[PDB]
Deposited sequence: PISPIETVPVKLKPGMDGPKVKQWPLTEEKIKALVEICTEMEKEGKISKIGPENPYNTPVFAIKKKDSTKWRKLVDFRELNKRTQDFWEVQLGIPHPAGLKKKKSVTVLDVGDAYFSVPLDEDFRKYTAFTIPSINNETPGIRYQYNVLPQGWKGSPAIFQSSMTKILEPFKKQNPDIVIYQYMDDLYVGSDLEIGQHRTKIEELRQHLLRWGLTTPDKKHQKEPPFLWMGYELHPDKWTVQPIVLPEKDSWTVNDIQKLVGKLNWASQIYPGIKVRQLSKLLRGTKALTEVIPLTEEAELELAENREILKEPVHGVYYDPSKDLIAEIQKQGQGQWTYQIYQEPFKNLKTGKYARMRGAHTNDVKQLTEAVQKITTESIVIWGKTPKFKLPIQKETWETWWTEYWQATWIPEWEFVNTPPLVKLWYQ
């Protein structure tokens, strides 16, 4: 007996038409039990080939989670409905969430099943479940309620969500609550003990309205990875050539970098292993360049109308560096990840873990998911990335092949 909020696509764009990729046996069995249960509860309903739209579907297991979780790759449908969840029913991003001592993520995706979906828009939520060895044709469904992983679900449920959080926000006016996709970010400066207690109060406060999980974050302990020059006492021709090449690349970001006096030490056609004493004019050019690398870049600020772009560089030995920017060489944040799961044995798992960590930071700081430039072949990523995904959202990505230049972001 709930009225539906009318939803339309962006003008001049048809619905999504993305083929389903092969799924493993454990994933197909988990989707059949979930969809049959969702069909029994009226959440979904079978359709036919007269619906020309389709969206890929697979299943995941969150961190330290035994239960499977259905996930729909609504990245194409979210692009074709971008004007809805931004112009009409947007969500304000609290700038104080990133300054909390502890931030916890809650999966509230089960609440969106309580709200029905507009009848004219159900045609675009279609998805197909495959069968092993193509034993049976595709078993197609479509959503009758707000789908998990659709950017229009938290916008429609936002008015209902604020009224549920109003009694809790009143008693705790210092706690910041942000909602992105199927997740609820709750941050507070309280001690770690009483912080988890306030979470359980919010969990029971949400259970009495018809709704678990928990992933802890600490944004105040998020560090950045600056560009650092080596601190050598004896420099060789090879060291100075690598230093000049690194400072030449750094000059694209810090315009005050000079390599005039250092390159003068590379006049003769000397051997790479030969030791070179640093002149007086070169020791000052190196000390001044170290100071400029300490200063912040001039004119770097986040623009809400521009998309975020993230680049990841494989540094070996379980090390991974990254930078987030909207305009080139205007990095909003840099950093490095080390000793993640799959270190020293699996690159794809480390990259999948890195993308999830970077995306989570992009949500806490700016409230958007960046488009990734992944250092991996397309066929290598599309084969294994679903085996290591543990998040309810999926960012956009493209594939790059940039051989290492002068190892700029890692010593």
Stretches of the deposited sequence lacking C-alpha coordinates, in sequence order, are 1-3, 215-228
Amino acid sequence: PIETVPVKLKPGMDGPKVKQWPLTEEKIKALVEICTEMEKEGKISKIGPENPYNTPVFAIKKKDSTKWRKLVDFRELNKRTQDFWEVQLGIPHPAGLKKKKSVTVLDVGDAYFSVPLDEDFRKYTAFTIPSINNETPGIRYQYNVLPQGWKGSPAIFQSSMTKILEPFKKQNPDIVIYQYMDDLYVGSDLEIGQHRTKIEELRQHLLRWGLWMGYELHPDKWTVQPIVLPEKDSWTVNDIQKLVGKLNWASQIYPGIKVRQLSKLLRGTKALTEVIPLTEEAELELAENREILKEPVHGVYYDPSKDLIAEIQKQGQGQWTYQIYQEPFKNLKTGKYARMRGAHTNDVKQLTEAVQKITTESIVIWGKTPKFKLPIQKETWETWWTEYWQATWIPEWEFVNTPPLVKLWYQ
From here on, numbers count along this sequence of modelled residues.
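Rigid core: the largest C-alpha set superposing within 1.5 Å between the two forms.
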Of the two stretches 126-134 and 328-336, CA positions deviate more in 6 other deposited structures of this protein after rigid core alignment for 126-134
With the rigid core as the fit reference, the stretch showing the greater C-alpha departure in 6 other deposited structures of this protein, 157-165 or 293-301, is 293-301
- Query: Is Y180 left out in a third or more of the other entries?
  - Reply: no
Tell me whether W212 turns out to be unmodelled in at least a third of the other entries of this protein, restricted to those that model residues on both sides.
yes
Higher of the two mean Cα B-factors (105-113, 329-337; per PDB record) comes from 105-113
Of 180-188 and 319-327, the stretch with the higher mean C-alpha B-factor in the deposited entry is 180-188
Residue set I309, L284, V297, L243, per-entry CA B-factor max assigned to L284
Reading the B-factor column for Cα atoms of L272, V224, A126, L77, the highest value belongs to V224
Chain thirds by Cα B factor, record data; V18 belongs to the middle
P403: CA temperature factor from the record, placed by chain third, in the middle
Chain thirds by Cα B factor, record data; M213 belongs to the highest
Binned into thirds over the chain's modelled residues, the C-alpha B-factor of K314 lands in the lowest
Entry-reported C-alpha B-factor of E135 relative to its chain, by third, is middle
